[PDB]
There are 2 protein chains.
Amino acid sequence: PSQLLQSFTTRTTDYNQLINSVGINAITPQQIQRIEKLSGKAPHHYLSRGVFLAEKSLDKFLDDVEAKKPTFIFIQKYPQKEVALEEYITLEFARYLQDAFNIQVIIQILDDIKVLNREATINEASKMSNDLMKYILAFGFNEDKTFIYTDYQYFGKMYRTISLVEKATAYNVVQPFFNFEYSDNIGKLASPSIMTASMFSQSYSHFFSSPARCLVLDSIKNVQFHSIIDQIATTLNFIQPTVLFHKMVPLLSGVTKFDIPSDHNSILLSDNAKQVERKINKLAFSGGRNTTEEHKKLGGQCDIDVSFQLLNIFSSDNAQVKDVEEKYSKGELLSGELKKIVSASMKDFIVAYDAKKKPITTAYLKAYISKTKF
Amino acid sequence: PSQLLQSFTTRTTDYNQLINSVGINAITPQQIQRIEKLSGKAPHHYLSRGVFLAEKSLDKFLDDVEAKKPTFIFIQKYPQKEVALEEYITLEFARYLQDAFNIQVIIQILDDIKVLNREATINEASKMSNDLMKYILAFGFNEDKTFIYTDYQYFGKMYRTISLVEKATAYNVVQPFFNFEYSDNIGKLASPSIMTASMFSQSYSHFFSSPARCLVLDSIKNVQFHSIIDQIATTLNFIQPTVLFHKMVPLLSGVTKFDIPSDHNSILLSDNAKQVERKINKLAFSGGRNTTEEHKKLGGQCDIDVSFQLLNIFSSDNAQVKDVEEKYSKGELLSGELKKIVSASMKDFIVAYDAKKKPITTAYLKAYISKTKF
């Protein structure tokens, strides 16, 4: 069909019907084991609780990791002023995968694309991108195998193989996934190249000498764009990227609302302990009942309760996630008491992260960039 | 109105009506004097015989040269397998101007754009671009003030200021001057940036520290694209390029035929003495009569005689150009005898050029590139 990231459902989003209509498999539990086997460690909860649910070519990517073949994990990030909670997912999971496999990570910061969407000057874009780098490095990657770049800084090293991707993508193939409006500026129309070319080893000749498989991380939101990228890969003889897709991280409104994360909508990774608490307690949509009697003798709907969903995505112990799931379902926890527990979990989460981020000073980021230079 | 380079006329192309409907002035003789004054030398015949006929902001550009202000001469060249006779004009005239004013020359080779028009691989495009550089250097520029670059090689140094130009040009402003067909590839649509961004000092920070005026050389064929570039200049606060436009160099078919120069259509700068002779003698459209009596008592039409037009563009001495103009007009030269004289003039022309080009070996081009590197 091929539409903008307005792939649709109702009340909640189904996923299995999305997963099938898109034509990609859900992560089989076997795959999750295989990861555990090769990781030599307990699986991440993003896998066990299905934060990451769907898969493109995972089996192939694991065949390669196992074969000691050249491979790399990839993410691309659109720099913004407000950094929403979502952004944590792909970063943290990349860290986990890196540690699990001891494998290169490359992260693209889209400073040019921001400038081209009339959302920042080159300088503005640059200050955001720097700040973003600090957020990324906070996760504590293997910096000897983590390459983080901004487009404006790395473009020349990559342009040849961009231009080949530009050659390979027709405007009409793409002017649906974005609503290109032909009053839109030229550069905006050409962007998709910049975003796709980075998913091929051929863009990173400093790091690879053979073709190397790419494992991209991304929201299921974009499955269709990735299918476009598969067709380009074939028409160029590049390797079709294996891609792992994650569930939507819900806004504080529910769950069914898909606007663009902002201070108004979501928790920001730059938030206070008190600001997070406020957002969970006052803004976070509740799935409980009205009469607290109904709540007891009918239950509570995790389903649409944003405060729970968030707990279910970002918590560490599956033990107390299930305890909550159970008790809230069987009316044993009123929403306020849930929101108390979730406020508590997110406070610790943001406080813990800020602690990791604190030492990533300017001095630090400059040292990393210098190590990274070539 | 804003159409593809299919700006139109009939029998011959008028130019004054083109010049007015486009809204640009014809080069006043005074301007030509002013050049002579500042050149300290006899004017080029490209000016005196009006090979270069129209002007955008010459008066301003001269004001600047005279004020010892930073300025530069610009051309862009589309690399091709067959190098047609036209290509000579802008190169030779750039050389002349450089010598006349002692001023920087920058020449952009459009290797990427070739690759993007499905006309060459990156390697094919590179071999053509090298060969081209050899043709360019043959003209004998002040190599200490002549910067010749290929897009793929220089893009990074220029990308920022490209992206600003991309931001500044709407697809609809441009999808008339080229027939962008939306089955067309993304990169092809974004090309115009690469072609416009190079006409601004901001792209060349290694060479300028203030804004610097740009004098572009180009066929009148493209006047409209340049008017687009004026609007981008304003919406970016860049300097509107002064532009000098040349007459069409006619194909061997006449004069009124505007297809794309090839071995079939025109003389190539790579041609033999004998190949040129053949083309002038057998292929070159004649403007003479049928009955050689009618030729005497009615004349000969320079007008459509390609062999003459060519002589009138590329000859050195205005003396024998006028002698021919006169005698052919008053029936005193039959076409064969004209084509004998023109064959002779072009033989010497191509032989002379080949002599200049011969020493521009690979070794030479590599030395130039090394000098040029930064």
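As drawn, each chain counts its residues from 1 in written sequence order, possibly unlike the entry's numbers, and residues without coordinates are not displayed. To read the labels, note that chains go from A and ligands from 1, taken in the order they are written. Think of the side-chain values as coming from all heavy atoms in the structure, minus any hydrogens and water. Residues with missing side-chain atoms are left out of burial classes, side-chain pairs and their counts.

If you check the header, you'll see the entry was determined by X-ray crystallography and the resolution is listed as 3.000 Å.

Can you help me understand the side chain of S307 of chain A in this one?
Residues and elements named next belong to chain A. You can see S307 is positioned in helix 14 (residues 306-314). To sort residues, take the accessible area from a 1.4 Å probe on protein chains only and compare it with the maximum for the residue type: under 20% means buried, over 50% means exposed, and anything in between is partly exposed. Residue classification places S307 among the buried positions, given a relative accessible area of 0%. When neighbours within four sequence positions are excluded, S307 is seen to be in contact with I280, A284, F285, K339 and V342. Working definition: helices are DSSP H or I runs of at least four residues, strands are E runs of at least two. Numbering for both runs from the N terminus. Here a residue-residue contact requires only that any non-hydrogen atoms of the pair lie within 4.5 Å.

Would you take a moment to explain the domain arrangement of chain A for this structure?
Where interface size is given, it is often the accessible area lost as the parts come together that is meant. All names here are of chain A. The domain architecture assigned to chain A consists of domain 1 (1-263) and domain 2 (264-374). Segmentation into domains, and thus their bounds, comes from an automatic or database assignment. Domain 1 and domain 2 are separated by 24 Å when their C-alpha centres are compared. With 40 residues of domain 1 at the contact, the number on the domain 2 side is 42 residues. Throughout, the accessible surface (probe 1.4 Å) given up by two parts as they are put together, summed over both, is called the buried area. Regarding the contact of domain 1 and domain 2, the summed buried area is about 3900 Å², with carbon and sulfur atoms giving 63% of it. It is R49, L85 and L252 that lose the most area in domain 1 upon contact with domain 2, and together they represent 22% of the buried surface on that side. We define a salt bridge as a side-chain nitrogen of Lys or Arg found within 4 Å of a carboxyl oxygen belonging to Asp or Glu. Put simply, domain 1 and domain 2 have three salt bridges between them. Across the salt bridge formed by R11 and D303, the nearest N and O atoms sit 2.3 Å from each other.

I would appreciate a short explanation of the relation of the copies chain B and chain A in the present structure.
Between the two chain copies there is a screw-like relation: a rotation about an axis and a shift along it. The copies are aligned by least squares, using only their C-alpha atoms. Laying chain B over chain A is done by rotating through 180 degrees and shifting 0.0 Å along the axis; what remains is an RMSD of 0.0 Å. Between the two chains, the operation in question is that of a two-fold axis. Identified as the residue of chain B closest to the rotation axis by C-alpha distance is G156 of chain B, at 2.3 Å. Counting the interface residues of chain B, we find that 97% of their copies in chain A are interface residues as well, pointing to one common contact surface.

Explanation requested: the packing of helix 10 (residues 186-197) of chain A against helix 10 (residues 186-197) of chain B in the structure shown.
Every axis in this analysis is a line fitted to C-alpha atoms, fitted for helices over the stretch in contact. Angles between the N-to-C directions lie between 0 and 180 degrees. For the pair helix 10 of chain A and helix 10 of chain B, interaxial distance at closest approach is 8 Å and the crossing angle is 135 degrees. By the angle class used here, helix 10 of chain A and helix 10 of chain B are oblique. With respect to the hand of their crossing, helix 10 of chain A and helix 10 of chain B are arranged in left-handed fashion. Taking contact as the criterion, the partners of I186, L189, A190, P192 and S193 of chain A in helix 10 of chain A are, on helix 10 of chain B, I186, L189, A190, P192 and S193 of chain B. Of the residues in the contact of helix 10 of chain A with helix 10 of chain B, the class split is eight nonpolar, two polar and no charged. Each angle gets one of four labels, with under 35 degrees taken as roughly parallel, over 145 as roughly antiparallel, 65 to 115 as roughly perpendicular, and the rest as oblique. Should the near helix be turned counterclockwise from the far one by less than a right angle, the crossing is left-handed, whereas a clockwise turn marks it as right-handed. Only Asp, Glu, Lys and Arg are considered charged in this grouping, and only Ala, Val, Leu, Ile, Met, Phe, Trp, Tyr, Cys and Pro are considered nonpolar; every other residue, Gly among them, is considered polar.

I tried to follow the sheet that holds strand 2 (residues 52-55) of chain B on my own but got confused; where do I start?
Each strand in a sheet pairs with its neighbour through backbone hydrogen bonds, running either in the same direction (parallel) or in the opposite one (antiparallel). Residue and element names in this part refer to chain B. Pairing between strands is defined by DSSP: at least two bridges between the two strands are required. One open sheet accounts for seven strands, arranged 1-2-7-6-3-4-5; its pairing is mixed. The open sheet is flanked by strand 1 (25-26) and strand 5 (146-150), the only strands paired with a single partner. As judged from the four bridges shared by strand 3 (residues 71-77) and strand 6 (residues 213-219), these two strands associate in the parallel manner. Paired with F74 across the strands is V216, a residue of strand 6. Running over the sheet, helix 8 (residues 151-168) touches strand 4 (104-109) and strand 5 and is turned about 105 degrees from strand 5.

Just checking my understanding: could you explain the sheet that holds strand 2 (residues 52-55) of chain A for this structure?
Residue and element names in this part refer to chain A. Across the sheet, seven strands lie side by side as 1-2-7-6-3-4-5; this open sheet has mixed pairing. The sheet terminates laterally at strand 1 (25-26) and strand 5 (146-150), the two strands that pair on one side only. When strand 1 meets strand 2, the two strands line up antiparallel, connected through two bridges. Paired with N25 across the strands is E55, a residue of strand 2.

What should I look at first to understand the packing of helix 10 of chain B against helix 11 (residues 223-236) of chain B in this one?
To characterise two packed helices, one gives the angle between the axes of the helices and the distance between these axes. Residues and elements named next belong to chain B. Orientation of helix 10 relative to helix 11, taken along the N-to-C sense of each, is 80 degrees, at an axis distance of 11 Å. With respect to each other, helix 10 and helix 11 are oriented roughly perpendicular. Taking contact as the criterion, the partners of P192, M195 and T196 in helix 10 are, on helix 11, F225, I229 and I232. A class-by-class count of the residues in the contact of helix 10 with helix 11 yields five nonpolar, one polar and no charged.

Is there a simple way to think about the interface of chain B and chain A in this case?
At the junction of the two partners, chain B supplies 30 residues and chain A supplies 29 residues. The contact between chain B and chain A buries some 2800 Å² in all, and 68% of this surface belongs to carbon and sulfur atoms. It is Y159, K167 and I186 of chain B in chain B that bury the most area against chain A; as a group they hold 27% of the surface buried on that side. At the surface where chain B touches chain A, the tally comes to zero salt bridges. By the criterion applied in these results, polar contacts are pairs of N or O atoms within 3.5 Å in which, for protein atoms, one can donate a hydrogen and the other can accept it, and in which residues neighboring in sequence qualify only through two side-chain atoms. At the boundary of chain B with chain A, the tally comes to 16 residue pairs in polar contact. Those elements that place two or more of their residues in the side of chain B that touches chain A are helix 6 (111-116), helix 8, helix 9 (171-174) and helix 10 of chain B. Ranked by residue count, the leading element in the side of chain B that touches chain A is helix 8 of chain B, at nine residues. Looking at the side of chain B that touches chain A residue by residue, the class counts come to 16 nonpolar, eight polar and six charged.

Please clarify how the side chain of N185 of chain B should be interpreted in this entry.
Examined against the element boundaries, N185 of chain B turns out to sit in the loop between helix 9 and helix 10. Looking at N185 of chain B, its side chain comes within polar contact range of the main-chain oxygen of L116 of chain B, at 3.0 Å. Once residues within four sequence positions are removed from consideration, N185 of chain B is found in contact with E166, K167, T169 and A170 of chain A together with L116 and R118 of chain B.

Please clarify how the environment of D271 of chain A should be interpreted in this entry.
Residue and element names in this part refer to chain A. Checked against the element boundaries, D271 lands in the loop between strand 7 (242-246) and helix 12 (273-283). For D271, a relative accessible area of 7% puts it in the buried group. Each C-alpha atom, one on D271 and one on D354, is 9.0 Å from the other, the two residues being 83 residues apart in sequence. Once residues lying within four places of it in the same chain are set aside, the contact partners of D271 are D263, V276, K279 and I350. A polar atom in the side chain of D271 sits 2.7 Å from the backbone nitrogen of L268. Within the structure, the side chain of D271 is placed 2.7 Å from the side chain of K279, a separation counted as a polar contact.

What is the right way to look at helix 17 (residues 362-372) of chain B in this model?
One full turn of an α-helix is made of 3.6 residues, so residues set three or four places apart face in the same direction. Residues and elements named next belong to chain B. Those residues of helix 17 not exposed but buried are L365, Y368 and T372. Along the axis of helix 17, the buried positions cluster into a sector of 60 degrees, meaning they face one direction only. Turned more than 90 degrees from where helix 17 packs its buried face, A363, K366, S370 and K371 sit exposed. Those residues of helix 17 that are buried lie in contact with helix 7 (122-138) and strand 5. The directions considered for the arc are those from the helix axis to the C-beta atoms.

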